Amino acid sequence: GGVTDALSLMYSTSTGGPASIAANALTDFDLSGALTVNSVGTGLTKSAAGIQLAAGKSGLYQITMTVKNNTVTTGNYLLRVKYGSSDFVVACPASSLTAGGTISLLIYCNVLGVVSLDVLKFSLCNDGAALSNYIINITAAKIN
């Protein structure tokens, strides 16, 4: 029961994020300064590159990244998660009622045992405006 490894982070201008996330561009997030909301095991850890997967941790991972930036209600929020040669994306139309976006994924991750390569990379933006009032949550859990 439960999972062997998991990491949940809260990313904001106050907790490790850029003072302003540029519009219409996807630059991977430095998560070293992110606030750890919950941590399980030691297989998943935050770093300047994203979320590191410890050696020997190949398997299935459930990942979710969400964002709310209530002061930006136009354009589309673009979200992206990368691991190795794979990248996953989604675009979420903004509105006052939905001032943000969400991306969730269940994927298989092969861990080579090379720290700089075995890392989940995260990024998002709004295609029409910079974000400087965002609350981003990133959670990853090894389910097998």
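So that there is no doubt, residue numbering starts at 1 and follows the sequence shown.
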| item | value |
| --- | --- |
| 35 to 43 versus 62 to 70 - greater average Cα B-factor per the deposited record | 35 to 43 |
| Which of 1 to 9 and 134 to 142 has higher mean CA B factor, as the PDB entry lists it | 1 to 9 |
| Residue 22 by Cα B-factor - lowest, middle or highest third of the modelled chain | lowest |
| Ranked C-alpha temperature factor of residue 112 among modelled chain residues, by third | highest |
| Position of residue 79 among the chain's modelled residues by C-alpha B-factor, lowest, middle or highest third | lowest |
| Third of the chain's Cα B-factor distribution that residue 92 belongs to, per the entry | middle |
| Within-chain third of residue 119 by Cα B-factor, per the entry | middle |
